[PDB]
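Below: query26.txt (compact mmCIF, C-alpha atoms and all ligand atoms)
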# COMPACT_ATOMS: atom_id res chain seq x y z
CA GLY A 1 -74.70 -79.45 7.63
CA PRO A 2 -75.62 -81.18 4.36
CA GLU A 3 -73.68 -80.46 1.19
CA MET A 4 -75.45 -78.25 -1.38
CA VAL A 5 -75.45 -77.84 -5.18
CA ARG A 6 -77.34 -75.09 -7.05
CA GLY A 7 -79.35 -74.48 -3.88
CA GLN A 8 -80.36 -78.16 -3.68
CA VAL A 9 -79.49 -80.39 -0.69
CA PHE A 10 -77.10 -83.18 -1.78
CA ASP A 11 -76.76 -85.07 1.54
CA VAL A 12 -74.15 -87.69 0.56
CA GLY A 13 -71.25 -86.78 2.90
CA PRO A 14 -68.95 -87.58 4.52
CA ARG A 15 -67.96 -90.39 2.08
CA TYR A 16 -68.87 -88.43 -1.08
CA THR A 17 -67.56 -84.88 -1.43
CA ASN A 18 -66.48 -82.31 -4.08
CA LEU A 19 -69.90 -82.36 -5.81
CA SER A 20 -70.15 -80.69 -9.26
CA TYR A 21 -73.45 -80.36 -11.14
CA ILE A 22 -73.63 -82.41 -14.37
CA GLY A 23 -77.22 -82.31 -15.54
CA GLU A 24 -80.83 -83.10 -14.82
CA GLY A 25 -83.44 -85.40 -16.30
CA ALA A 26 -87.16 -85.10 -15.81
CA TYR A 27 -86.75 -86.88 -12.44
CA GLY A 28 -83.15 -86.88 -11.18
CA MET A 29 -80.41 -84.32 -10.63
CA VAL A 30 -76.95 -85.73 -11.32
CA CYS A 31 -73.58 -84.55 -9.95
CA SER A 32 -70.04 -85.81 -10.09
CA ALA A 33 -68.45 -86.51 -6.72
CA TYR A 34 -65.36 -87.98 -5.12
CA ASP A 35 -65.71 -91.21 -3.14
CA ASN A 36 -63.20 -90.72 -0.30
CA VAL A 37 -63.43 -94.41 0.76
CA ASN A 38 -62.56 -96.12 -2.58
CA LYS A 39 -60.61 -93.02 -3.78
CA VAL A 40 -62.55 -92.80 -7.08
CA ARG A 41 -64.77 -90.37 -9.00
CA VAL A 42 -68.48 -91.22 -9.16
CA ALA A 43 -71.78 -89.83 -10.37
CA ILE A 44 -74.70 -89.38 -7.96
CA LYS A 45 -78.34 -89.06 -9.06
CA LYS A 46 -80.73 -87.53 -6.52
CA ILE A 47 -84.41 -88.45 -6.91
CA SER A 48 -87.36 -87.48 -4.69
CA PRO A 49 -90.21 -89.76 -5.84
CA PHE A 50 -92.38 -90.61 -2.82
CA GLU A 51 -95.20 -88.14 -3.49
CA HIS A 52 -95.95 -89.79 -6.88
CA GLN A 53 -96.81 -93.44 -7.50
CA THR A 54 -95.32 -93.29 -11.01
CA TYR A 55 -92.02 -91.87 -9.76
CA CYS A 56 -91.84 -94.63 -7.15
CA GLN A 57 -92.31 -97.21 -9.93
CA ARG A 58 -89.44 -95.65 -11.88
CA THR A 59 -87.19 -95.67 -8.82
CA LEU A 60 -87.94 -99.25 -7.81
CA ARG A 61 -87.54 -100.59 -11.36
CA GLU A 62 -84.22 -98.82 -12.01
CA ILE A 63 -82.73 -99.99 -8.71
CA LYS A 64 -84.00 -103.57 -9.04
CA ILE A 65 -82.76 -104.08 -12.61
CA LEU A 66 -79.43 -102.25 -12.40
CA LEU A 67 -78.46 -104.17 -9.26
CA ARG A 68 -78.93 -107.51 -11.08
CA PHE A 69 -77.29 -106.50 -14.37
CA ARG A 70 -73.53 -106.63 -14.79
CA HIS A 71 -72.21 -105.69 -18.22
CA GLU A 72 -69.56 -103.38 -19.70
CA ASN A 73 -72.18 -101.49 -21.75
CA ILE A 74 -74.73 -100.98 -18.94
CA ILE A 75 -74.27 -98.50 -16.10
CA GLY A 76 -73.82 -100.12 -12.72
CA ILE A 77 -75.02 -98.95 -9.32
CA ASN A 78 -72.17 -98.69 -6.82
CA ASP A 79 -74.09 -97.54 -3.75
CA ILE A 80 -77.44 -96.06 -2.66
CA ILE A 81 -77.89 -93.48 0.10
CA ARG A 82 -81.16 -92.88 1.92
CA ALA A 83 -82.34 -92.13 5.45
CA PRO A 84 -82.07 -94.81 8.17
CA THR A 85 -85.86 -94.73 8.81
CA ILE A 86 -88.65 -94.88 6.26
CA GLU A 87 -90.28 -91.82 7.84
CA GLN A 88 -87.16 -89.72 7.23
CA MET A 89 -86.62 -91.03 3.69
CA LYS A 90 -87.58 -88.32 1.23
CA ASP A 91 -84.66 -88.50 -1.24
CA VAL A 92 -82.73 -91.39 -2.77
CA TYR A 93 -79.16 -90.94 -4.05
CA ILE A 94 -78.01 -93.50 -6.61
CA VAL A 95 -74.22 -93.67 -6.85
CA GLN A 96 -72.86 -94.86 -10.20
CA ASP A 97 -69.63 -94.93 -12.17
CA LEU A 98 -68.81 -91.49 -13.54
CA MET A 99 -69.21 -90.98 -17.30
CA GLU A 100 -68.08 -87.86 -19.14
CA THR A 101 -71.06 -87.03 -21.36
CA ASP A 102 -73.97 -88.57 -23.28
CA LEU A 103 -74.78 -88.98 -26.97
CA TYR A 104 -77.32 -86.13 -26.92
CA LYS A 105 -74.66 -83.67 -25.76
CA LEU A 106 -72.01 -85.04 -28.11
CA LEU A 107 -74.23 -84.75 -31.20
CA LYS A 108 -74.89 -81.08 -30.42
CA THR A 109 -71.20 -80.33 -31.01
CA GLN A 110 -69.74 -83.06 -33.23
CA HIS A 111 -70.49 -84.68 -36.58
CA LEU A 112 -69.46 -88.32 -36.27
CA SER A 113 -67.41 -90.26 -38.80
CA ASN A 114 -68.68 -93.62 -39.99
CA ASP A 115 -66.17 -95.53 -37.86
CA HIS A 116 -67.45 -93.80 -34.73
CA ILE A 117 -71.08 -94.43 -35.70
CA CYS A 118 -70.32 -98.17 -36.16
CA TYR A 119 -68.54 -98.31 -32.77
CA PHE A 120 -71.27 -96.51 -30.86
CA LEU A 121 -73.97 -98.53 -32.63
CA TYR A 122 -72.12 -101.77 -31.88
CA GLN A 123 -71.78 -100.90 -28.19
CA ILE A 124 -75.49 -100.02 -27.99
CA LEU A 125 -76.47 -103.37 -29.50
CA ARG A 126 -73.93 -105.29 -27.41
CA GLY A 127 -75.50 -103.90 -24.23
CA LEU A 128 -78.99 -104.41 -25.67
CA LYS A 129 -78.18 -108.05 -26.43
CA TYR A 130 -77.49 -108.66 -22.73
CA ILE A 131 -80.62 -106.71 -21.71
CA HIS A 132 -82.81 -108.67 -24.10
CA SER A 133 -81.17 -111.95 -23.07
CA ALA A 134 -82.45 -111.24 -19.54
CA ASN A 135 -85.94 -110.91 -21.08
CA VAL A 136 -85.96 -107.22 -20.13
CA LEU A 137 -87.18 -104.34 -22.29
CA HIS A 138 -85.49 -100.98 -21.73
CA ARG A 139 -88.41 -99.10 -23.41
CA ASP A 140 -86.87 -95.59 -23.29
CA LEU A 141 -83.66 -95.70 -25.32
CA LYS A 142 -82.59 -92.26 -26.54
CA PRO A 143 -79.34 -90.32 -27.10
CA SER A 144 -79.46 -88.74 -23.64
CA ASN A 145 -79.27 -92.08 -21.80
CA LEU A 146 -76.36 -93.38 -23.88
CA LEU A 147 -73.44 -92.35 -21.66
CA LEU A 148 -69.88 -91.96 -22.92
CA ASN A 149 -66.48 -91.70 -21.25
CA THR A 150 -63.22 -90.21 -22.51
CA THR A 151 -62.11 -93.59 -23.92
CA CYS A 152 -65.35 -93.58 -26.02
CA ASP A 153 -66.80 -96.46 -23.99
CA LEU A 154 -70.61 -96.45 -24.09
CA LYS A 155 -72.94 -97.45 -21.24
CA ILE A 156 -76.75 -97.50 -21.40
CA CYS A 157 -78.55 -95.94 -18.39
CA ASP A 158 -82.03 -94.67 -17.28
CA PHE A 159 -83.89 -98.00 -16.67
CA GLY A 160 -86.88 -96.40 -14.85
CA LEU A 161 -89.25 -97.63 -17.60
CA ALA A 162 -87.70 -101.07 -18.02
CA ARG A 163 -89.95 -104.12 -17.79
CA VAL A 164 -89.67 -107.92 -18.06
CA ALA A 165 -91.14 -109.28 -21.33
CA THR A 166 -96.92 -95.94 -20.13
CA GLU A 167 -96.05 -92.70 -18.31
CA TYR A 168 -94.87 -89.20 -19.16
CA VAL A 169 -91.37 -88.78 -20.62
CA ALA A 170 -89.33 -85.77 -21.71
CA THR A 171 -89.19 -87.07 -25.30
CA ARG A 172 -91.03 -89.68 -27.33
CA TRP A 173 -89.28 -89.11 -30.69
CA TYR A 174 -87.70 -92.56 -30.21
CA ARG A 175 -90.91 -94.52 -29.55
CA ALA A 176 -92.08 -97.29 -31.85
CA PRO A 177 -95.30 -96.72 -33.82
CA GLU A 178 -97.03 -99.65 -32.09
CA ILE A 179 -96.55 -97.84 -28.76
CA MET A 180 -98.56 -94.91 -30.16
CA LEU A 181 -101.12 -97.28 -31.73
CA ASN A 182 -101.73 -100.69 -30.09
CA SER A 183 -101.02 -99.57 -26.48
CA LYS A 184 -100.29 -103.20 -25.47
CA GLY A 185 -98.33 -106.32 -26.38
CA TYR A 186 -94.92 -104.66 -26.42
CA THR A 187 -91.97 -106.78 -27.54
CA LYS A 188 -88.18 -106.58 -27.76
CA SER A 189 -88.59 -104.98 -31.18
CA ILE A 190 -89.66 -101.68 -29.59
CA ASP A 191 -86.08 -101.26 -28.38
CA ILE A 192 -84.78 -102.02 -31.88
CA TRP A 193 -86.93 -99.22 -33.31
CA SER A 194 -85.45 -96.81 -30.77
CA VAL A 195 -81.94 -97.87 -31.79
CA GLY A 196 -82.86 -97.37 -35.44
CA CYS A 197 -83.93 -93.82 -34.55
CA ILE A 198 -80.61 -93.19 -32.80
CA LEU A 199 -78.63 -94.55 -35.76
CA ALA A 200 -80.50 -92.12 -38.03
CA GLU A 201 -79.67 -89.24 -35.70
CA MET A 202 -75.98 -90.19 -35.70
CA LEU A 203 -76.02 -90.16 -39.52
CA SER A 204 -77.39 -86.60 -39.83
CA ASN A 205 -77.09 -84.95 -36.35
CA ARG A 206 -80.84 -84.35 -36.45
CA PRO A 207 -83.76 -86.43 -35.12
CA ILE A 208 -85.42 -88.56 -37.78
CA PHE A 209 -89.00 -88.54 -36.39
CA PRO A 210 -89.54 -85.36 -34.37
CA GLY A 211 -93.05 -84.20 -33.64
CA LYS A 212 -95.04 -82.20 -31.09
CA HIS A 213 -97.44 -85.03 -30.20
CA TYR A 214 -98.35 -88.60 -31.13
CA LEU A 215 -100.47 -87.52 -34.10
CA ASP A 216 -97.72 -85.31 -35.52
CA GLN A 217 -95.16 -88.05 -34.75
CA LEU A 218 -97.09 -90.68 -36.72
CA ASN A 219 -97.31 -88.26 -39.64
CA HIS A 220 -93.51 -87.93 -39.56
CA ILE A 221 -93.06 -91.72 -39.56
CA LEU A 222 -95.64 -92.27 -42.30
CA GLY A 223 -94.14 -89.47 -44.38
CA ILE A 224 -90.90 -91.46 -44.64
CA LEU A 225 -91.98 -95.11 -44.41
CA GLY A 226 -95.04 -94.48 -46.58
CA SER A 227 -98.58 -95.60 -45.87
CA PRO A 228 -98.58 -99.00 -44.11
CA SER A 229 -98.92 -102.10 -46.24
CA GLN A 230 -101.78 -104.57 -45.93
CA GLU A 231 -99.58 -106.89 -43.87
CA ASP A 232 -98.48 -103.89 -41.80
CA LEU A 233 -102.10 -102.99 -41.09
CA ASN A 234 -102.96 -106.49 -39.83
CA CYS A 235 -100.29 -106.40 -37.10
CA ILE A 236 -102.12 -103.48 -35.41
CA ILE A 237 -104.13 -105.00 -32.56
CA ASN A 238 -106.40 -102.06 -31.65
CA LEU A 239 -109.04 -101.80 -34.38
CA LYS A 240 -109.75 -98.12 -33.64
CA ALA A 241 -106.09 -97.28 -34.23
CA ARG A 242 -106.11 -99.34 -37.43
CA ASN A 243 -109.17 -97.39 -38.56
CA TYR A 244 -107.39 -94.14 -37.76
CA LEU A 245 -104.47 -95.06 -40.03
CA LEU A 246 -106.92 -96.10 -42.75
CA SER A 247 -108.32 -92.56 -42.55
CA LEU A 248 -105.01 -90.82 -43.36
CA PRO A 249 -104.06 -89.65 -46.89
CA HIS A 250 -101.74 -91.93 -48.94
CA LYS A 251 -98.00 -91.38 -48.48
CA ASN A 252 -95.18 -92.68 -50.64
CA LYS A 253 -92.05 -94.18 -49.11
CA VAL A 254 -89.07 -91.81 -49.13
CA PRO A 255 -85.93 -93.75 -50.16
CA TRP A 256 -83.41 -93.85 -47.32
CA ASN A 257 -80.68 -92.57 -49.64
CA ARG A 258 -82.66 -89.42 -50.41
CA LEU A 259 -82.71 -88.67 -46.68
CA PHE A 260 -79.10 -89.75 -46.11
CA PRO A 261 -77.45 -89.25 -49.52
CA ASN A 262 -73.88 -89.44 -48.17
CA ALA A 263 -74.39 -92.31 -45.73
CA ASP A 264 -72.72 -95.69 -46.19
CA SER A 265 -75.08 -98.09 -47.96
CA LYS A 266 -74.49 -100.83 -45.38
CA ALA A 267 -75.65 -98.43 -42.66
CA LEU A 268 -78.86 -97.68 -44.57
CA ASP A 269 -79.56 -101.38 -45.14
CA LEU A 270 -79.41 -101.98 -41.38
CA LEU A 271 -81.38 -98.80 -40.69
CA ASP A 272 -84.12 -100.04 -43.01
CA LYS A 273 -84.45 -103.32 -41.09
CA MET A 274 -84.52 -101.45 -37.78
CA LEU A 275 -87.09 -98.81 -38.79
CA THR A 276 -89.59 -101.39 -39.98
CA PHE A 277 -93.22 -100.58 -39.19
CA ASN A 278 -94.18 -104.22 -38.59
CA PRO A 279 -92.61 -105.34 -35.27
CA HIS A 280 -92.54 -109.01 -36.33
CA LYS A 281 -90.44 -108.16 -39.40
CA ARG A 282 -88.11 -105.84 -37.47
CA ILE A 283 -84.55 -107.12 -37.15
CA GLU A 284 -83.58 -108.66 -33.80
CA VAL A 285 -80.60 -107.61 -31.71
CA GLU A 286 -78.39 -110.61 -32.53
CA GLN A 287 -79.20 -110.32 -36.24
CA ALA A 288 -78.29 -106.62 -36.14
CA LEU A 289 -74.99 -107.44 -34.43
CA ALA A 290 -74.15 -109.79 -37.32
CA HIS A 291 -75.14 -107.30 -40.05
CA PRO A 292 -72.27 -106.43 -42.45
CA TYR A 293 -72.25 -102.79 -41.24
CA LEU A 294 -70.82 -104.05 -37.92
CA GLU A 295 -68.32 -106.65 -39.18
CA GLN A 296 -65.30 -104.68 -37.90
CA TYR A 297 -66.57 -105.18 -34.32
CA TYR A 298 -68.85 -108.25 -34.35
CA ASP A 299 -67.48 -110.89 -31.98
CA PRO A 300 -70.09 -113.26 -30.52
CA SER A 301 -67.59 -114.86 -28.15
CA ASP A 302 -67.12 -111.41 -26.53
CA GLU A 303 -70.82 -110.44 -26.43
CA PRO A 304 -72.02 -111.89 -23.12
CA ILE A 305 -75.58 -112.70 -22.12
CA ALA A 306 -77.45 -112.90 -18.82
CA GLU A 307 -77.27 -116.14 -16.84
CA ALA A 308 -81.07 -116.53 -16.84
CA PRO A 309 -84.13 -114.36 -17.54
CA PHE A 310 -85.93 -112.40 -14.83
CA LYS A 311 -89.47 -113.85 -14.97
CA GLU A 312 -96.55 -105.76 -11.00
CA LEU A 313 -96.46 -102.30 -9.43
CA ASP A 314 -99.27 -100.38 -11.18
CA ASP A 315 -101.78 -101.51 -8.56
CA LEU A 316 -99.51 -100.81 -5.58
CA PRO A 317 -100.10 -97.48 -3.80
CA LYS A 318 -97.13 -95.17 -3.40
CA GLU A 319 -96.88 -96.03 0.32
CA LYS A 320 -96.39 -99.70 -0.52
CA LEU A 321 -93.83 -98.78 -3.18
CA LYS A 322 -91.88 -96.70 -0.64
CA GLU A 323 -91.70 -99.71 1.68
CA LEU A 324 -90.39 -101.76 -1.24
CA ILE A 325 -87.78 -99.12 -2.10
CA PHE A 326 -86.73 -99.01 1.56
CA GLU A 327 -86.38 -102.81 1.54
CA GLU A 328 -84.46 -102.92 -1.74
CA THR A 329 -81.96 -100.31 -0.47
CA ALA A 330 -81.34 -101.92 2.94
CA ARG A 331 -78.33 -103.86 1.59
CA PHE A 332 -76.40 -100.57 1.45
CA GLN A 333 -77.07 -99.70 5.09
CA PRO A 334 -74.86 -100.67 8.05
CA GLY A 335 -76.33 -103.64 9.92
CA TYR A 336 -78.38 -105.22 7.10
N1 LIG B 401 -73.52 -92.22 -14.32
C1 LIG B 401 -73.57 -91.04 -14.95
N2 LIG B 401 -72.41 -90.42 -15.27
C2 LIG B 401 -72.46 -89.25 -15.91
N3 LIG B 401 -73.53 -88.56 -16.31
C3 LIG B 401 -74.67 -89.19 -15.98
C4 LIG B 401 -74.78 -90.40 -15.32
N4 LIG B 401 -76.11 -90.75 -15.14
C5 LIG B 401 -76.76 -89.75 -15.68
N5 LIG B 401 -75.96 -88.77 -16.21
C6 LIG B 401 -76.38 -87.54 -16.86
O1 LIG B 401 -77.54 -87.07 -16.20
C7 LIG B 401 -78.67 -87.08 -17.12
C8 LIG B 401 -79.93 -87.49 -16.39
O2 LIG B 401 -79.88 -88.90 -16.06
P1 LIG B 401 -81.14 -89.85 -16.10
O3 LIG B 401 -80.79 -91.14 -15.45
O4 LIG B 401 -81.64 -90.03 -17.54
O5 LIG B 401 -82.23 -89.03 -15.27
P2 LIG B 401 -83.76 -89.31 -15.09
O6 LIG B 401 -84.39 -88.00 -14.71
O7 LIG B 401 -83.97 -90.30 -13.90
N6 LIG B 401 -84.55 -89.97 -16.43
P3 LIG B 401 -84.73 -88.99 -17.81
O8 LIG B 401 -85.70 -87.78 -17.54
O9 LIG B 401 -85.28 -89.88 -18.89
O10 LIG B 401 -83.33 -88.42 -18.27
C9 LIG B 401 -78.23 -88.00 -18.25
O11 LIG B 401 -78.89 -87.71 -19.48
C10 LIG B 401 -76.73 -87.72 -18.33
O12 LIG B 401 -76.45 -86.52 -19.04
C1 LIG B 402 -62.85 -91.95 -31.76
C2 LIG B 402 -62.18 -90.61 -32.09
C3 LIG B 402 -62.71 -89.59 -31.12
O1 LIG B 402 -62.12 -88.54 -30.90
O2 LIG B 402 -63.96 -89.89 -30.44
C4 LIG B 402 -65.04 -88.97 -30.26
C5 LIG B 402 -64.96 -88.38 -28.86
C6 LIG B 402 -65.01 -87.85 -31.30
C7 LIG B 402 -66.33 -89.76 -30.41
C8 LIG B 402 -60.68 -90.73 -32.09
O3 LIG B 402 -59.98 -89.93 -31.48
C9 LIG B 402 -60.02 -91.84 -32.86
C10 LIG B 402 -60.93 -93.06 -32.98
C11 LIG B 402 -61.96 -93.19 -31.86
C12 LIG B 402 -61.30 -93.49 -30.52
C13 LIG B 402 -62.82 -94.39 -32.16
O4 LIG B 402 -63.65 -94.78 -31.35
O5 LIG B 402 -62.66 -95.12 -33.41
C14 LIG B 402 -63.36 -96.34 -33.60
Encoding of this model in structure tokens:
Amino acid sequence: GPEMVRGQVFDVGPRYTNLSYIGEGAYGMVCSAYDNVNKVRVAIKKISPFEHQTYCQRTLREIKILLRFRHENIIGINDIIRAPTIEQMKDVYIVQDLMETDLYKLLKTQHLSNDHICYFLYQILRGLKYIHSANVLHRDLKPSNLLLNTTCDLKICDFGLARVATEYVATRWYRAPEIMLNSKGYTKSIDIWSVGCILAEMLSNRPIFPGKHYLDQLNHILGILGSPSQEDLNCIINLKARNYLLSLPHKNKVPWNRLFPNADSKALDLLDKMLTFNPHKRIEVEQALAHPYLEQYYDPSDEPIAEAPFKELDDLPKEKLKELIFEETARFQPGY
């Protein structure tokens, strides 16, 4: 019958065999496998989203975007397996290139040198430059979706929340303050904040803004950035959120070099421009790439961009979204 892993059906044979559990997100279970047709190792993510409108959104968005992106620092989709009829389709298997680990797992075991922080940071921004050039926001960057192979190549993954320029997630320590405040008008700078948070974690092997909920999270951010300036306050669109922040006790800014006393000063300069409360003043991806911290790797001629930008699913019921997912995956079926 179907192949099985940890008591879960992984029906991807006969082409894909030798499944080995890797890990699990909040939505997908991921295995390595062997592709007997191309004679290569792959990863396969199983998702079962059709009972939940929000899971269907995640699935459709990830498939749609990843199939149009092609970049060394972004995971590609090789193949997609699902049932030959929509009525039988309950699971979707997304076949991707196999990576060895992710930044979350690496940081649990290793303290990175500065040269490795620069390289990983550069690869993040190089992928993000292409993403943002397509007018796409990733919106959920975090260490666990920064995949790594043995050659230390880095590929961004997990585009279920991506959108052209929310919902429950397993972590929001990497979310920009405006996400927790304004609740609308999200820009490319929200990704830059997330990258700033990842840079900080690579510098200390600890998350910079942990917190049990949004309120606690904002207190962590404010406890380091200090109370928002007048100009900062004006860039908050929702007046009730602005009044909330006005209600909090005053907080002084903690100098970055007190938090990271041994870090390279160039790294902290870039971190400061990334973890800027005001999204309009936050450094942009191409400016970050050209920052002196990254001069060993910066090479605009080898930092490609998308040919052209992309240019809604919240209203669609889950039955409509399942039709759309069936349609989007037909190109991997025989007889399309
Ligand atoms: N192509 C891949 N190669 C190797 N490991 C992978 C690959 N894709 C995912 N993983 C691992 O599997 C984990 C879960 O993948 P992910 O795509 O984030 O699942 P998700 O449930 O859909 N979203 P999330 O809950 O945010 O993690 C990742 O954090 C990696 O550890
Ligand atoms: C990284 C070093 C390494 O072992 O990578 C990790 C797995 C620890 C991240 C190494 O062996 C020499 C230098 C590299 C390859 C590197 O990327 O330097 C820029």
Between A:334, A:84, A:1, A:160, which one has atoms that come closest to ligand LIG 401 (chain B), using only C-alpha atoms and all ligand atoms?
A:160
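Excluding range 174-179 of chain A and any residue on its chain fewer than 2 positions from it, the residues at most 6 Å away by all atoms listed in the file are residues 172, 181, 182, 183, 190, 193, 194 and 197 of chain A.
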How close does each residue of range 129-190 of chain A get to range 201-204 of chain A, giving the shortest atom pair and distance in Å to one decimal for every residue with an atom at most 12 Å away, counting all atoms listed in the file, sorted by chain and residue number, as a tab-separated table?
residue	atom	partner	partner_atom	distance
A:142	CA	A:201	CA	10.1
A:143	CA	A:201	CA	8.7
A:173	CA	A:201	CA	10.8
A:174	CA	A:201	CA	10.3
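Distance check against residue 59 in chain A using only C-alpha atoms: of A:231, A:302, A:153, A:91, the minimum falls on A:91.
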Using only C-alpha atoms, which protein or nucleic acid residues come within 8 Å of residue 124 in chain A? Drop anything in the same chain fewer than 3 positions from it, and give the result as number ranges by chain.
A: 73, 120-121, 127-128, 146, 154-156, 195
Of the listed residues A:189, A:133, A:227, A:296, that which approaches ligand LIG 402 (chain B) most closely, counting only C-alpha atoms and all ligand atoms:
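Among the listed residues, A:296 lies closest to ligand LIG 402 (chain B).
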Show me which residues sit within 6 Å of ligand LIG 402 (chain B) when counting only C-alpha atoms and all ligand atoms, and put them as a PyMOL selection string.
chain A and resi 115-116+119+152
May I ask you to restore N, CA and C atoms in range 281-303 of chain A and write the result as an mmCIF file, keeping the file's coordinate frame?
data_model
loop_
_atom_site.group_PDB
_atom_site.id
_atom_site.type_symbol
_atom_site.label_atom_id
_atom_site.label_comp_id
_atom_site.auth_asym_id
_atom_site.auth_seq_id
_atom_site.Cartn_x
_atom_site.Cartn_y
_atom_site.Cartn_z
ATOM 1 N N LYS A 281 -91.444 -108.177 -38.347
ATOM 2 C CA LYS A 281 -90.440 -108.160 -39.400
ATOM 3 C C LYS A 281 -89.204 -107.355 -39.023
ATOM 4 N N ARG A 282 -89.229 -106.672 -37.883
ATOM 5 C CA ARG A 282 -88.110 -105.840 -37.470
ATOM 6 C C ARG A 282 -86.937 -106.706 -37.042
ATOM 7 N N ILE A 283 -85.726 -106.299 -37.434
ATOM 8 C CA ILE A 283 -84.550 -107.120 -37.150
ATOM 9 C C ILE A 283 -84.338 -107.233 -35.639
ATOM 10 N N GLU A 284 -83.841 -108.392 -35.204
ATOM 11 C CA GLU A 284 -83.580 -108.660 -33.800
ATOM 12 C C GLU A 284 -82.134 -108.311 -33.447
ATOM 13 N N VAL A 285 -81.865 -108.194 -32.143
ATOM 14 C CA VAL A 285 -80.600 -107.610 -31.710
ATOM 15 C C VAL A 285 -79.420 -108.452 -32.196
ATOM 16 N N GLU A 286 -79.546 -109.771 -32.137
ATOM 17 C CA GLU A 286 -78.390 -110.610 -32.530
ATOM 18 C C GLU A 286 -78.220 -110.556 -34.052
ATOM 19 N N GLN A 287 -79.317 -110.432 -34.793
ATOM 20 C CA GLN A 287 -79.200 -110.320 -36.240
ATOM 21 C C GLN A 287 -78.555 -108.989 -36.625
ATOM 22 N N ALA A 288 -78.923 -107.915 -35.925
ATOM 23 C CA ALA A 288 -78.290 -106.620 -36.140
ATOM 24 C C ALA A 288 -76.796 -106.676 -35.849
ATOM 25 N N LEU A 289 -76.408 -107.343 -34.760
ATOM 26 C CA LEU A 289 -74.990 -107.440 -34.430
ATOM 27 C C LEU A 289 -74.208 -108.113 -35.555
ATOM 28 N N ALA A 290 -74.823 -109.059 -36.259
ATOM 29 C CA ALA A 290 -74.150 -109.790 -37.320
ATOM 30 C C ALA A 290 -74.305 -109.134 -38.692
ATOM 31 N N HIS A 291 -74.956 -107.974 -38.768
ATOM 32 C CA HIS A 291 -75.140 -107.300 -40.050
ATOM 33 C C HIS A 291 -73.789 -106.807 -40.575
ATOM 34 N N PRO A 292 -73.575 -106.840 -41.896
ATOM 35 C CA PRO A 292 -72.270 -106.430 -42.450
ATOM 36 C C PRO A 292 -71.788 -105.046 -42.029
ATOM 37 N N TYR A 293 -72.686 -104.110 -41.710
ATOM 38 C CA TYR A 293 -72.250 -102.790 -41.240
ATOM 39 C C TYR A 293 -71.359 -102.884 -40.009
ATOM 40 N N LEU A 294 -71.512 -103.939 -39.205
ATOM 41 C CA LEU A 294 -70.820 -104.050 -37.920
ATOM 42 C C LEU A 294 -69.735 -105.125 -37.919
ATOM 43 N N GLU A 295 -69.270 -105.542 -39.100
ATOM 44 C CA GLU A 295 -68.320 -106.650 -39.180
ATOM 45 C C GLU A 295 -66.954 -106.311 -38.583
ATOM 46 N N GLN A 296 -66.571 -105.030 -38.535
ATOM 47 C CA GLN A 296 -65.300 -104.680 -37.900
ATOM 48 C C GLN A 296 -65.297 -105.042 -36.419
ATOM 49 N N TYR A 297 -66.461 -104.993 -35.763
ATOM 50 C CA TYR A 297 -66.570 -105.180 -34.320
ATOM 51 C C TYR A 297 -67.262 -106.465 -33.893
ATOM 52 N N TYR A 298 -68.077 -107.074 -34.750
ATOM 53 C CA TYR A 298 -68.850 -108.250 -34.350
ATOM 54 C C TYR A 298 -67.934 -109.340 -33.800
ATOM 55 N N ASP A 299 -68.267 -109.842 -32.612
ATOM 56 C CA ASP A 299 -67.480 -110.890 -31.980
ATOM 57 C C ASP A 299 -68.376 -111.596 -30.975
ATOM 58 N N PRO A 300 -69.115 -112.618 -31.416
ATOM 59 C CA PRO A 300 -70.090 -113.260 -30.520
ATOM 60 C C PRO A 300 -69.485 -113.855 -29.271
ATOM 61 N N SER A 301 -68.233 -114.309 -29.338
ATOM 62 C CA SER A 301 -67.590 -114.860 -28.150
ATOM 63 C C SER A 301 -67.338 -113.797 -27.087
ATOM 64 N N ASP A 302 -67.342 -112.515 -27.456
ATOM 65 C CA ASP A 302 -67.120 -111.410 -26.530
ATOM 66 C C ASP A 302 -68.366 -110.537 -26.397
ATOM 67 N N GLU A 303 -69.544 -111.142 -26.539
ATOM 68 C CA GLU A 303 -70.820 -110.440 -26.430
ATOM 69 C C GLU A 303 -71.691 -111.194 -25.429
#
